[PDB]
Amino acid sequence: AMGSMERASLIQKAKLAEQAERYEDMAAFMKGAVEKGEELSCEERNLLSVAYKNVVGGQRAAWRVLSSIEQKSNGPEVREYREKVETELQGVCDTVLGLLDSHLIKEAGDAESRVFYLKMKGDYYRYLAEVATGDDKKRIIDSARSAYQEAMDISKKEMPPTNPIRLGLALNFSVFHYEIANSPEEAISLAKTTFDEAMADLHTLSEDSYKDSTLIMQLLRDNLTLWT
Amino acid sequence: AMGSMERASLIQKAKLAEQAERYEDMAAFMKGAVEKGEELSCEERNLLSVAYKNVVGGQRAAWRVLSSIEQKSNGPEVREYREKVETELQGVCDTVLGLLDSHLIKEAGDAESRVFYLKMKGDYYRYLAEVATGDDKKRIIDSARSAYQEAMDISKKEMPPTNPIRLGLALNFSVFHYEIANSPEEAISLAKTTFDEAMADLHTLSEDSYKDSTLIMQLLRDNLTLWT
Amino acid sequence: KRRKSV
Amino acid sequence: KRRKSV
Ligand SMILES: CC(C)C1=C2[C@@H](O[C@H]3O[C@H](CO)[C@H](O)[C@@H](O)[C@H]3O)[C@H](O)[C@H](C)[C@@H]3CC[C@H](CO)/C3=C/[C@@]2(C)CC1
Ligand SMILES: CC(C)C1=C2[C@@H](O[C@H]3O[C@H](CO)[C@H](O)[C@@H](O)[C@H]3O)[C@H](O)[C@H](C)[C@@H]3CC[C@H](CO)/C3=C/[C@@]2(C)CC1
Ligand SMILES: [Cl-]
Ligand SMILES: [Cl-]
Ligand SMILES: [Mg+2]
Ligand SMILES: [Mg+2]
Ligand SMILES: [Mg+2]
Ligand SMILES: [Mg+2]
Ligand SMILES: [Mg+2]
Ligand SMILES: [Mg+2]
Ligand SMILES: [Mg+2]
Ligand SMILES: [Mg+2]
């Protein structure tokens, strides 16, 4: 539906939507920008990520509320409405995954871009895994795992330990271990190792880069504090 | 689109959507319930009001952000996106007004219900007036005025001065005077008189009714503090 | 502060 | 607290 709008206007409108806290509009503007076929810049990748994280984050928060009510209840209304929210959540994850496969990831050659898009791929499969049941489920979990693993492998080869995308990738992969893969020891190991290697590289950073890195290091510390 | 769902299930789903902070779903469930053709109970009127107030409140907050950016700017993007938000806001106000005219207000005979729906009619015309320009504008403003006035006339004849719907009606009509009608003296007079007459009737109330009334009296005091 | 409505 | 992701 955004086919007739200039790319630069879609980007501009995404930034306006962010200021207005209109995250569904923001995501639609950014989907239209991706669909122009050109690679995204660093700033544009961030707008894409912020938009969908806010949209799916509202759906997930609602799903958790409804699932909690459903589990305490265990007529069809609670289950039906939880299913409705779940289906819409699945649709947004499928949209993001579709953008990544057609054709963001295949054109992303630089480490910063490729790691960012593989992290996103792991995050949206993880969101699908949060609601999945059975073994359909196992392949979804392994898809999240595989995307995170490839991103980790590139990030370790190509980025400093303080790089914010590397740090956020590790943070999210460690959550994946803790709550999706039933591997809390792996989650704790990964968060600790990541925190420690970033600490030892802070000395190389400017004041601004230090601020960016320590912000995500604090989220790693928050998780280790909760989990140990 | 809610035609196939039982009325009681729509109401139940509205309450679930409220818990999940899914206010667009909440409003659609409540629109479906109104469209069943039966009068709404006190609790159901409250769900209808909460749902649309949250939906339009998000649109208005966004419109104010975009209008501010547009006014500081004075390409077509800011104006276009402000217009898009404005049109969707107008559509939600027109939907609510349509529910009130087909046929909530004409079937509402009790004071509590009739005043509640006329307050809603004034509130959604006021929201249309916030974005309107010119004289098209004058008729919108006078529609808000007329609905509030009829609600005030009934409320004064039929409800105690502490009744929360009467208090909220006066609060909103006083905002209408202050910011839509350019009548800050009328706004201040109305908020003061309403506050004073409610104070003098508190003695008649239970602890629970007192809590309900004083909550809205505090909003009247907040406005008088801001305006004087 | 923004004025209150309800 | 709920665990952090980013
Ligand atoms: C505030 C930081 C922690 C965030 C950034 C992001 O910060 C940047 O974008 C925001 C503005 O939209 C920040 O407020 C800004 O300072 C900038 O550094 C950060 O560099 C990186 C990309 C983090 C870490 C992993 C994710 C990407 O999946 C990520 C996302 C965003 C865009 C959102 C959160
Ligand atoms: C919390 C009070 C001030 C509110 C009520 C409402 O309170 C009731 O509904 C809420 C639950 O959904 C309250 O939390 C609850 O305690 C109840 O008294 C109050 O009685 C009346 C109807 C106020 C005053 C005018 C508006 C109607 O247009 C109004 C709306 C709601 C439903 C929303 C705000
Ligand atoms: Cl449903
Ligand atoms: Cl637009
Ligand atoms: Mg072009
Ligand atoms: Mg399902
Ligand atoms: Mg390339
Ligand atoms: Mg490098
Ligand atoms: Mg029936
Ligand atoms: Mg217009
Ligand atoms: Mg009747
Ligand atoms: Mg009476």
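Counting begins at 1 with the first residue displayed.
Per the header: X-ray crystallography, 1.8 Å.
Note: Cβ is positioned from N, Cα and C throughout, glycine not excepted.
Taken from the PDB entry, the feature expression tag applies to A:1-4. Through the fold, the expression tag (A:1-4) approaches residues 10, 28-29, 31-33, 35 of its own chain, all at least 6 residues removed from its boundaries and within a Cβ separation under 8 Å.
Other C-beta atoms found within 10 angstroms of the C-beta of A:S9 (phosphoserine) number 18, with every protein chain shown included. According to DSSP, A:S9 (phosphoserine) sits within a helical segment. Residues annotated as phosphoserine in Swiss-Prot, with a large-scale study or a structure entry given as evidence: A:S9.
As annotated by Swiss-Prot, site 'Interaction with phosphoserine on interacting protein' applies to A:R60 (among others). According to DSSP, A:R60 (site 'Interaction with phosphoserine on interacting protein') sits within a helical segment. Within its own chain, A:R60 (site 'Interaction with phosphoserine on interacting protein') has A:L89, A:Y127, A:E130 as residues 6 or more apart in sequence whose C-beta sits under 8 angstroms from its own.
Among the features that Swiss-Prot reports, site 'Interaction with phosphoserine on interacting protein' is placed at A:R126 (among others). Neighbour count (other Cβ atoms within 10 Å of the Cβ, all protein chains): 25 for A:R126 (site 'Interaction with phosphoserine on interacting protein').
In this structure, A:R126 (site 'Interaction with phosphoserine on interacting protein') is part of a helix by DSSP.
When the Cα atoms are compared, A:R126 (site 'Interaction with phosphoserine on interacting protein') and A:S9 (phosphoserine) turn out to be 32 Å apart.
With an 8 Å limit on C-beta distances, the recorded positions from A:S9, A:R60, A:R126 that reach chain B are A:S9.
Between A:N74 and A:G75, the deposited structure omits 7 residues, and the straight-line distance between their CA atoms comes to 11 Å.
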